[PDB]
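Report on one structure; see the data block that follows.
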Amino acid sequence: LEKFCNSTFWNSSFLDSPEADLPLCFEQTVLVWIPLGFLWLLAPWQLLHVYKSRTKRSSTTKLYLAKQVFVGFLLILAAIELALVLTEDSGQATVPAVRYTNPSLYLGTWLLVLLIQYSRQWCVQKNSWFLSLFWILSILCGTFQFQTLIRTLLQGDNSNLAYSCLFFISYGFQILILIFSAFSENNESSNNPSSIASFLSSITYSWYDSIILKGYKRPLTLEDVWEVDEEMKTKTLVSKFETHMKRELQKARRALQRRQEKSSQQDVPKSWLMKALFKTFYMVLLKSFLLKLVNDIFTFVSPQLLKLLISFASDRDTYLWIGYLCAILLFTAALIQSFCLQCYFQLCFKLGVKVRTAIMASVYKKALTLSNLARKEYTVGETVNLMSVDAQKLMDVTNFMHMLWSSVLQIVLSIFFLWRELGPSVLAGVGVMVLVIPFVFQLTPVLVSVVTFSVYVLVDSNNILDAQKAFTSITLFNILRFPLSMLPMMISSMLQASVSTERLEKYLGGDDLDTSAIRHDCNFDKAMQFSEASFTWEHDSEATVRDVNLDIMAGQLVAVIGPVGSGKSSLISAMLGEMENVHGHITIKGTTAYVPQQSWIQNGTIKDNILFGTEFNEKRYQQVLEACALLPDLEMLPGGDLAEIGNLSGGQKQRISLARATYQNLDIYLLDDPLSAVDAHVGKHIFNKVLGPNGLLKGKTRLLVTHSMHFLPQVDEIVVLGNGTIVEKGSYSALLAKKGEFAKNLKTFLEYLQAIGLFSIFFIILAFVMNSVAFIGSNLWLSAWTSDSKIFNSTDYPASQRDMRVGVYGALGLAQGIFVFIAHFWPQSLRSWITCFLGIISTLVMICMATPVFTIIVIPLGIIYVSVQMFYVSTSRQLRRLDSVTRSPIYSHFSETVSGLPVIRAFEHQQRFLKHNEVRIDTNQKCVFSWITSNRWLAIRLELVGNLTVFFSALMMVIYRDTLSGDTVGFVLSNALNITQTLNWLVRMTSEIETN
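For reference, each letter of the sequence shown is one residue, going 2 to 267, 304 to 475, 548 to 755, 760 to 862, 968 to 1044, 1096 to 1265 in UniProt numbering.
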């Protein structure tokens, strides 16, 4: 496009000297074609996605107009640019074509920035990712046209003041239109601020700034914590795991059974839980791996740029431009990392919390419908664990899942890099580090080098250690301390999973209850019927009850009289569906109320249970309380109805059970041994009061198993139970008058510092301090050995001299370690903090060793770290007490539902019980999404303090490049490309003590 501007495009000489300037045609061709492209090509997508998801318009607000006028004024500065380029049309020159269009497409592009700003009126996140990067990519390609334009005018040439001024003003407020996008949209209606923040408060996680402040001022409460968004609510999540689970469980079943028969063409589905969770969260893993890959690729830019600065700093000859296009290119690649890593981190932690919730809820739901034979294997404690331990450990594995694919690309690439520099001696170092994976982590940095370096020069006679090859290899080694460290826990965690992905492939995959034999009926003329059917307690044994064909007409009190062991208890259990069907069918009418034999009082207060889900109508609540004679009992109780049955007496637990059903007033009172231990007097009335002719349920149809005959005379239609079949059916007097079987049945009538000791500590402090100097000792030596590289190149180094260099550096490797062993040996929660504290300070003292100016700017960064930590420790401390508060209730209820599954399946209140958990889990999700956001917050701030020490330290070097050395530049900028890492392991360290 040479003719297009009529001016040079990439003449290389332009960058060959001080006063190096990009050619103008490029500054206005591939430096403006790149941002406009991002918007003009990718947006048609982002125009429709809002359209299809169109909703009710939000109110017009000034920021919405200020943003929609400034793009407008910019349409005016652009319009006037073309206007003049066009108005002096007769300049006697064919207009350079580039002159016309750079403003022309500016007009259209800015008019499109309008609708896009307008459409976002209709949405929850007003300032998107698209219009927060169209600026960050046209207010950074601009600095090149802006640096050139100021230059010509400074040099006195005033050929063009039109373009100059117009472009200055246009770039003028793009540093502002954007400054406006980020001001958090101020809509406050959304309880969760998160769904309302602009791209730049999400990527810096400041929408969570409020909670942090609220915490410092006063105690936080469950309400202050916000609401988990709808996509993480238990009801929505379970629905999506279930469609996938069912599609896989069955296909796995078919293959297992079918291939079993196919073995002769003439078990539990092998695997599905791991496969099924995946078919569901398919995309929180294809948009969480991609960030990790870029997090690594950028990771490998910083240590290949601690070589360009070192190379210029060694030759004072190189142009001063290189020094300022490196310290800046390092910040653009330390922030791009800090943002990517933390963002991918929260995505995967969120995947983890979602899977935990889904699995826990499904494990509960299933419990309400598992075949009794299957339920037999577990006990109360082991049923809960399938929620408490096995789901949690399918939670911790997802967080570390992507380490496997990445941790081999952070150990293959780190080796390709070290070996490209030091040499085939590189493998040796990886060999010491690898022997290290099976304090040791603290020591490896000192050692790996002594081994790679000492051997490098000694193995051969033609190689010496330069500083473009020693302070770069240190960094490359450090970028591999991490993957090696995560391989020990990771292969343990991805192997504890095989136990859980199997145990939970058994409860979730178990056989269901079978209810074909009992058919619920509303038309049987007889209220309850038995069809000579048989039911078996064991899986296939001779039925305990068989051939019982008794149909009961409504409103008859039937007492299933039987001698002990005659099969009586099972009859009642049978109608509900508990025992397996040997043969026949039993039909019952309407709802039922299984007062049980064993006591199931649910946790809570007595009054609430008696309701078990209804209003306080005194006409019934008082009368049911009154008749069931729980009245004297409540008065004895200490707190009244609010007394909580966590203290109940055995006799009383029996009483609530009767009332709990008396109130519901359901149609058939299948009652088993209801008056097991009531004193006879209370019982006598109760039989009349609620199960007999004179009492609350005089009308109701009741069946009563009787091992006691105290109220036997008024039993309406007594039945004598034989072994497995009903011996006879008769009224009490008729059997008595007959006196045949019945006569025989009747016949059977600074404080801590003191604890160690301050002097023990003064010695401990004297023991601790030298460890820091040692670090300074070795690093200074490598500066010295690399210093010799300049002096001995023609011919070669004295053999004594190399022998000296290896030797002292060798002692320095041993001493730092000897001090480090003594320091660590002479619980560790205190020890880790100090070693880390001095280490950043060690990097800092050296930074002062080459430039004194830094001491002025250290205290300003130093207060920011005191502050971002001082607040986060408090908010996070109180956002975790709450996490425990919410967890224990959900891990309990699963107990109460299981121990009580017999009544919950009789009263038929299943669905209320199911949603008494979706709420209990959702309240715990909000405490975990907060703790997580808090940790993904303290990181973005602490990384800024850290990327600052590199940028402000690198600049002092490029400025004072005539006094400083050619390898000092390295020791300072190679112990400062590491502060980012140590700072990370520090607040986690101080805060854990903060918990103590």
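The beta carbon of each residue, even a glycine, is placed where N, CA and C say it ideally should be.
- Item | Inter-stretch contact at 8 Å, needing at least 3 Cβ pairs: the stretch 1196-1214 / the stretch 377-391 | yes
Taking C-beta to C-beta, are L552 and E1212 nearer than 9 Å?
-> no
Residue closest to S105, alpha-carbon to alpha-carbon, out of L113, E89, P97 and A80
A80
Exercise for the section: Would you check if the stretch 250-260 and the stretch 1168-1181 touch, i.e. whether three or more CB-CB distances between them fall below 8 Å? Expected result: Output reads no: the stretch 250-260 does not touch the stretch 1168-1181.
Pick from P220, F71 and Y217: whose alpha carbon is nearest that of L177?
Across the set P220, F71 and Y217, the C-alpha of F71 shows the shortest separation from the C-alpha of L177.
Thinking C-beta only, is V390 closer than 9 Å to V1197?
yes
- Enumerate in chain order the residues of its own chain whose CB-to-CB distance from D742 is below 8 Å, with the five nearest sequence positions on each side excluded. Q765 and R768
- For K316, which of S265, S129, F242 and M595 has the nearest alpha-carbon? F242
Notebook entry, point to check: Does the beta-carbon of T1013 have 16 or more other beta-carbons within 10 angstroms, so that it is buried, or is it exposed?
Noted result: exposed
Collapsed DSSP secondary structure at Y782 in the structure displayed | strand
(message) Taking the alpha helix (DSSP H) that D1191 belongs to, which residues open and close that run?
(response) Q1179 to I1228
- Three-state secondary structure (DSSP) of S643: In the structure shown, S643 sits in a strand (DSSP, three-state: E or B).
Starting from the N-terminal side, write out each stretch of the alpha helix (DSSP H) that is 4 residues or longer and does not extend beyond the stretch 56-94. 63-88
query: Per DSSP, which one or two residues make a beta bridge with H629?
result: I697
* Asked: Since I373 is in the alpha helix (DSSP H), which residue starts that stretch and which ends it?
  -> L357 to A404
Span separating the alpha-carbon of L450 from that of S978: 47 Å
Shortest alpha-carbon distance to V667 belongs to which of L680, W1044 and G418?
-> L680
Does the beta-carbon of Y319 have 16 or more other beta-carbons within 10 angstroms, so that it is buried, or is it exposed? exposed
task = Could you give the DSSP three-state label for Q267: helix, strand or coil?
result = If DSSP states are grouped into helix, strand and coil, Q267 belongs with coil.
- Task: Put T814 into one of helix, strand or coil per three-state DSSP.
- Result: Reduced to three states, the DSSP call for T814 is strand.
Inset, instruction - State the DSSP-derived secondary structure class of residue 536, mapped to helix, strand or coil. - result: Regarding the residue in question, residue 536 is not represented: the chain runs 475 and then 548, omitting everything in between.
Problem - Residues sharing a beta bridge with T714, DSSP - result: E753
- request: Could you name the residues of the same chain whose beta carbon sits closer than 6 Å to that of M246, not counting the 5 residues immediately before and after it, in chain order?
  value: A313
- Message: Just to confirm the assignment: which complete alpha helix (DSSP H) runs, minimum length 4, are found wholly within the stretch 99-148?
- Response: 131-137
Let me confirm a value: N1216 is counted as buried when at least 16 other C-beta atoms fall within 10 Å, else exposed. Which label applies?
buried
Check your understanding: Between the Cα of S563 and the Cα atoms of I1209, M1022 and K53, which residue gives the shortest distance?
Key -> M1022
Restricting to Cα atoms, I'd like to know which of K677, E830 and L834 is closest to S846. It is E830 whose Cα lies nearest to the Cα of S846.
Using 10 angstroms around the beta-carbon of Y565, count the other beta-carbons present and answer buried if the total reaches 16, otherwise exposed. buried
Keeping to the same chain, check which residues put their C-beta closer than 7 Å to that of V1127; ignore five residues upstream and five downstream.
Counting only Cβ-Cβ distances below 7 Å, and skipping sequence neighbours, we find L1113.
> So, using beta-carbon positions, are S133 and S182 closer together than 9 Å?
Replying inline: yes
Going by other Cβ atoms of all chains shown within 10 Å of its Cβ, with 16 needed for buried, is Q148 buried or exposed? The residue is exposed, with fewer than 16 neighbouring Cβ atoms inside 10 Å.
Check your understanding: With 16 as the cutoff for other CB atoms within 10 Å, does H629 come out buried or exposed?
Key -> exposed
Specify, as a first and last residue, the run of the alpha helix (DSSP H) that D742 falls within. That run of the alpha helix (DSSP H) goes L740 to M745.
*Quick one: is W442 buried, meaning 16 or more other Cβ sit within 10 Å of its Cβ, or exposed?*
exposed
- request: Please report how far the alpha carbon of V434 lies from the alpha carbon of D304, in whole angstroms.
  value: 27 Å
Which value, in whole angstroms, describes the spacing of the CA atoms of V991 and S1111? CA-CA distance, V991 to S1111, rounds to 8 Å.
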